[PDB]
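In what follows, a structure is listed as structure tokens, so that the remarks can point back to it.
What follows draws every value from the coordinates through simple rules; no lab data is involved. Cβ coordinates were reconstructed from backbone atoms using ideal geometry, including for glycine residues, and neighbour counts include every protein chain displayed.
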Amino acid sequence: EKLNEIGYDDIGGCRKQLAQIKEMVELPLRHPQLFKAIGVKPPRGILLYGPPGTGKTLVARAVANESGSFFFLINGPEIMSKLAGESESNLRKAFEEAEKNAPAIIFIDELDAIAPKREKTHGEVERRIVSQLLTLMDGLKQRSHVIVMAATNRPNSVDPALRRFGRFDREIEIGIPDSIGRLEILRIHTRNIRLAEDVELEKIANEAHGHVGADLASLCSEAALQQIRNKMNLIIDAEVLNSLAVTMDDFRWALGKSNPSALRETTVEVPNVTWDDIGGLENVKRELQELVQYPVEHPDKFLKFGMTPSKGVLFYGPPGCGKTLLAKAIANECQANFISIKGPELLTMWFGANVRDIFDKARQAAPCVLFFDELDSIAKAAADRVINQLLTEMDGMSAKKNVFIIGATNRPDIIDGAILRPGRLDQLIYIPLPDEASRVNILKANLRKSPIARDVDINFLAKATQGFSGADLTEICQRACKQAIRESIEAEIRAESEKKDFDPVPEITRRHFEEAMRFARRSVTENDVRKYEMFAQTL
Amino acid sequence: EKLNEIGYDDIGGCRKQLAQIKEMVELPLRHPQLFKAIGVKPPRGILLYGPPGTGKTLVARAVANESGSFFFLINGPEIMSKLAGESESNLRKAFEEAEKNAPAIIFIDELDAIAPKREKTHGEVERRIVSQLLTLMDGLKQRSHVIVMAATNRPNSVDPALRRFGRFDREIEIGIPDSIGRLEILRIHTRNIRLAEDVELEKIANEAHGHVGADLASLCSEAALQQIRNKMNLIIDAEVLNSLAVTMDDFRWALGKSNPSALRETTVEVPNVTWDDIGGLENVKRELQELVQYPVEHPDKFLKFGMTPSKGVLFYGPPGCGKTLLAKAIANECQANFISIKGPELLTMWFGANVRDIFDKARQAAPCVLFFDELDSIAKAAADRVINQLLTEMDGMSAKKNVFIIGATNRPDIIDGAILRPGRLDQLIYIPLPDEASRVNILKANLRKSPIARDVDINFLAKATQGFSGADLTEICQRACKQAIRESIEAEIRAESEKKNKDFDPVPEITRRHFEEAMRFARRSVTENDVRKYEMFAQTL
Ligand SMILES: Cc1cc2c(C(N)=O)cccc2n1-c1nc2c(c(NCc3ccccc3)n1)COCC2
Ligand SMILES: Cc1cc2c(C(N)=O)cccc2n1-c1nc2c(c(NCc3ccccc3)n1)COCC2
């Protein structure tokens, strides 16, 4: 009987959308007088879409329960699992009961099942039920106090006729939870499971990438199974039963063996790469501040001076110089959402229309940076369709919506000149090989989690490199760590053999870094650097 | 019960169409004696089409109510939601009840639902309804005084059989409202909502691009919701309730977060770019006047001299010289509609016939200037299909309908010579880099909204920038504005630091210094070689 007690606190990583739906639904159903007085018309149909398992199904019940409304549930499979007349009778009865017991919420859990695309019907009963649903949606009066909520995997799966301005006009996306949402879901799912004192659910939430709420429930279940195995493979005994608590190692094992279902779905989040970490690149700092931070933080100045900000940059520069991190940092300084799209991903999804989906999602998000990772794959100069999609979508993106498109290219001389036209992406910014401070910061980011020895002078390594790209520094650090692991394992084997300095190699010593450096080679030739300098004028 | 009172004043941005429909429907059904005497036959079927949310659904009721006729409504979803026999029984009862209570209007709301394309039926019950609808539409007796009206998203969706000369012969398009129509919509949706005295609804309309009437209802709803947020967050005191009025800052917030449904719908409007703003380019003014204005303003002299005007023009010149604006300006001087089509758009829509749709809309519009920007992406010399469609449409377009096709190209040498034949696009006009007079207006147009300091000599900059293209001038001003914003934001930060230690506006205008810095890095974007190449094209062809 927990259904009647499902509240907002019992739903996981949809805090922003939960607040939005609260404002949309609860307030009109709790204080109709205010909205009627001012004139606001509460929404008729709210469609929720997103990856499966997010928890969008519980949102309608939570809203109804905490607003005191009546809740009638319409399950698409249930209505489509009945005869030709009984399904229509059930739809009509649901709407009639909702009208009788207003204020009320009708929840169509699988709207895609009831009303798929008209091309997929291939029947008369299905089209009849679709038309009946349309009529009932039109039947509901503006002042009946019945709010029809719906859930679907993808909004494009619903018949377009249902998305008219009178039937389903508001669409809210319940996407993949962030780390805070993941922690909330894990806390919700562990209220009954007994947890050991050594579990840090924050770390588990931060590590689980691509995990939706159902995936986290599976994670907790598998962790409990692992604990039972550990305490049962050796051993029924009441004392042992009371000593059964999920330890952190069990959670780590479950996470390692967990195959999340939302790894392939794009993430929208505010990156935590503060510009204090990027270090130098201060010319790029100033340019990106002028191009992104000022339009978002101080719209008043732009309105005062009557300048429409340009919403398009191109990050051209040698490979492995942290263009993605620069985009993330400029997103963070503005507290702007960040969306990262790789060329292979776009081509693969096109092979499997979705160019407009990502821009629509960017519009959904608050002021955001839409970072395309390799634009030569799309703008080579099959791809002739994606290029035009992108160009037209940029040509239709109003400059006042605060969506900044930042495309990165290692090879800028191949990009089609159409993209670089004024008003599309005409803000060429050059990202050079990291300077001294940038190199120190790269080496410190690489060695953040690695215990280094005090004798190691990171500043000396940065000074010595003087030309290495970022990937080169990462390779140097990885070589040093590999040699350290090689020494640790050799010492462990020697200790085992001698059985017939508890930790002989606890930190990476200066010798490891020296040996790694001896074989280091520059990856960006001076000719390449000269070539990238001339592109600013060759265009 | 407001349905019985829906008039013409309660519908939004369809002022032109409503007047057209008023003559078509209200006048015959009000004075049948006059039309019968001369011999006019009032229309049988009027198919209203356009993007969703325009307000075409209320037109039938407004026409019926004002003319006193009987209004019987038919809903596509409703009829197709019933059994095989009841759906047909309702169609026949709708027309049977209409003839009984004539004069009357039958409004089919979703004609695409009842009568989709014959290839989409894939059933027997559905195909019986289509045929039943056809029979009823052909059973009207031209004296029954019953007028059928229909609404559809696109006319091509309807079964072609319904669009014969006896069933649905008149099609009226209710499209995206223009700025005046947006204000009509923004004033009918605000009759009940209380508004603050600081609200200038005219400004919101001119900024609401791509907003259909339904979308403008979301703006008002969102704007009022914003006011509740502001007052509720500060907070149900009755005094506060009476002080709840939508302020303009709320509207601007709503407009920023509003995602209009019709941003991708093409616009038909008369541009406001008067030729007095284009400045010079006077050798282009004479040629454009001889080809667009005189045929439209003075048809008499063309008939008197027996000359058929050439309906095609090609604009070729260096990039960023305001070719589009010149096309807009001549349209304004003729009060002609202007349709701008981009090369990328035509290919994108073709991948997703539509060439014939652009021309058909041009024909429906009053004397029109159909601009084809980037005609080098279509006439490159997939695309082979689009060029032929464009090539055939021009040939099949009678020169007497006052529709002019202007094609702008930055690279004319690539254009296929088929388009440049004497039949369709036979006139070439060269738009050069802006001259001294024009460069003054380009700078003025850019700095129209920007408060400039009196020490700035706009004339001096134009004299200095002899050779700069239009985009080069625009870049200079933006750099001036960009730098001006920087000195304003840094001054604010310095003020904050000084405030902690203890000229209201530090930089109120773009000083002469800001322009000086921008000009130093400014570089010409059209090489002297490129200018020479364009000159030789007139003879190379
Ligand atoms: C771990 C790592 C690899 C890498 C690479 C690379 N091709 O291996 C390139 C650029 C930055 C890189 N970082 C890196 N990663 C981070 C930071 C940071 N700071 C310096 C920097 C940043 C952007 C840009 C330049 C230099 N650098 C600071 O934020 C945390 C992560
Ligand atoms: C804002 C703007 C940008 C721009 C560009 C450009 N490459 O961005 C090219 C030509 C004119 C341009 N304008 C512009 N825009 C306007 C005007 C005007 N001056 C006269 C003119 C027109 C076309 C041509 C020459 C000179 N210039 C005057 O009418 C109002 C709008």
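Once amide H atoms are built 1.01 Å from N in the peptide plane, which residues 5 or more positions from B:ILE46, or in another chain, come under 5 Å H to H?
B:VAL148, B:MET149, B:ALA150
Would you list A:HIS209, B:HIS211 from fewest to most Cβ contacts within 10 Å?
A:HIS209, B:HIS211
Charges at C-beta only: +1 for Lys and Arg, -1 for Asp and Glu. How large is the resulting dipole of chain A about its Cα centre, in Debye rounded to 20?
I would put it at about 1400 debye.
Cβ under 12 Å from A:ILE406's Cβ, A:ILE406 left aside: what net charge do those residues give with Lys, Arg +1 and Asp, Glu -1?
Its environment carries a net charge of +1.
Could you list A:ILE419, B:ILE193 in order of exposure, starting from the residue whose Cβ has the fewest other Cβ atoms within 10 Å?
In order of increasing Cβ crowding within 10 Å: B:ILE193, A:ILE419.
So if we plug the beta-carbon distance of B:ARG194 and B:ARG454 into 1/(1 + (r/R0)^6) with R0 = 45 Å, what FRET efficiency do we get, rounded to 0.05?
0.60
Describe numerically, in nm with one decimal, the distance between label points set 7 Å from Cα along Cα→Cβ at A:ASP138 and at B:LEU34.
That separation, rounded to one decimal, is 3.5 nm.
Going down the table (A:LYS400/B:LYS500; A:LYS141/B:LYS100; B:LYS328/B:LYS482; A:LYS285/A:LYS531; B:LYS22/B:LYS361), which pairs top 26 Å between alpha carbons?
A:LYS400/B:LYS500; A:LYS141/B:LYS100; B:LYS328/B:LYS482
Going toward the positive end of the dipole of chain B, with +1 on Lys and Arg Cβ and -1 on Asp and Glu Cβ, which of B:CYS368, B:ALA102, B:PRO260 do you reach last?
Most positive-ward Cα: B:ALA102.
What is the magnitude of the charge dipole of the protein assembly as shown about its Cα centre, with +1 placed on the Cβ of each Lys and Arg, -1 on the Cβ of each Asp and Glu, and no other charges, expressed in debye to the nearest 20?
It comes to approximately 2300 debye.
Take peptide B:478-489, look around each residue's Cβ out to 10 angstrom, count Cβ atoms belonging to other protein chains, and average those counts.
Neighbouring Cβ atoms belonging to other protein chains average 5 per residue here.
Can you give the convex hull volume per residue for the Cα atoms of chain A, as a whole number of Å³?
Roughly 222 Å³ of hull volume per residue.
State the Cα centre-to-centre distance between region A:474-527 and region B:368-432 in whole Å.
Spelled out, the Cα-based centre of one part sits 69 Å from the other.
Treat the count of other C-beta atoms within 10 Å as a stand-in for reagent exposure and order B:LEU47, B:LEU195 from fewest to most.
Final ranking by Cβ density, sparse to dense: B:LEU195, B:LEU47.
Under a cut-off of 19 Å between alpha-carbon atoms, report the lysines in cross-link reach of A:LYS257, not counting same-chain residues fewer than 8 places apart.
Output for A:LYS257: A:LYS203.
With a ≥ b ≥ c the root eigenvalues of the C-alpha gyration tensor of region B:380-439, is it rounded (a/c under 1.5), prolate (a/b larger than b/c) or oblate?
It is oblate, given that a/c is not under 1.5 and a/b is not larger than b/c.
When a/c is below 1.5 the answer is rounded, else prolate if a/b is larger than b/c, else oblate, so apply that to region B:79-147 with a ≥ b ≥ c taken from the square roots of the Cα gyration tensor eigenvalues.
Prolate is the answer for region B:79-147, as a/c is 1.5 or above and a/b outweighs b/c.
Just how far, in whole angstrom, is region A:64-143 from region B:279-331 if you go by their alpha carbon centroids?
A separation of 58 Å, based on Cα centres.
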